[PDB]
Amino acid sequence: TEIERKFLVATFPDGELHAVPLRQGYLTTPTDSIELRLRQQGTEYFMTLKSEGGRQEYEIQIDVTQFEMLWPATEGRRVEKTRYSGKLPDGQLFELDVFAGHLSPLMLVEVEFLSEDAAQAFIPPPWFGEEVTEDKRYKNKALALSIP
């Protein structure tokens, strides 16, 4: 399991960034028997089925037409954002999300660490905002289920 900390973003960074637009959305609500999620990852499209009272995750790749026909059934349970991949001066990789639609102006930065004490030793750079690693509200599903 990866080790990571997540922060608000105080200032968008300069430097080398790779941008990927992302759109992801739930067809189901958390109390359903299964979780069915649609995602677009750049140029490819997937539908994922998970069941915890199922074995146990299924993923099918779908085409753009299948995706856009079903997308409207995700309304109100969606996260759309552009994700920027970069690297801090010390070499830690980061992923910086700039959220679209009603989640604007949220921006989040997530950092991955190789030792789970490089993680505890981490000194955030000044462009990072407040840490939200523990805040339940900033988890992906929480963000998708929040409302305008």
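When you see a residue number, it is the position in the sequence shown, counting from 1.
Unmodelled stretch separating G54 from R55: 1 to 3 residues (count of deposited-sequence residues without coordinates). The PDB entry reports B-factors from which the mean C-alpha value can be compared for 92 to 100 and 38 to 46; the larger average falls on 38 to 46.
For the pair 131 to 139 and 18 to 26, the mean Cα B-factor is higher in 131 to 139. Comparing the listed residues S115, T65, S33, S85, the entry records the largest Cα B-factor for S115. The entry lists a Cα temperature factor for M107 that places it in the lowest third of the chain's modelled residues.
The PDB entry assigns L70 a C-alpha temperature factor belonging to the lowest third of its chain's modelled residues.
The deposited CA B-factor of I60 belongs to the middle third of values across its chain.
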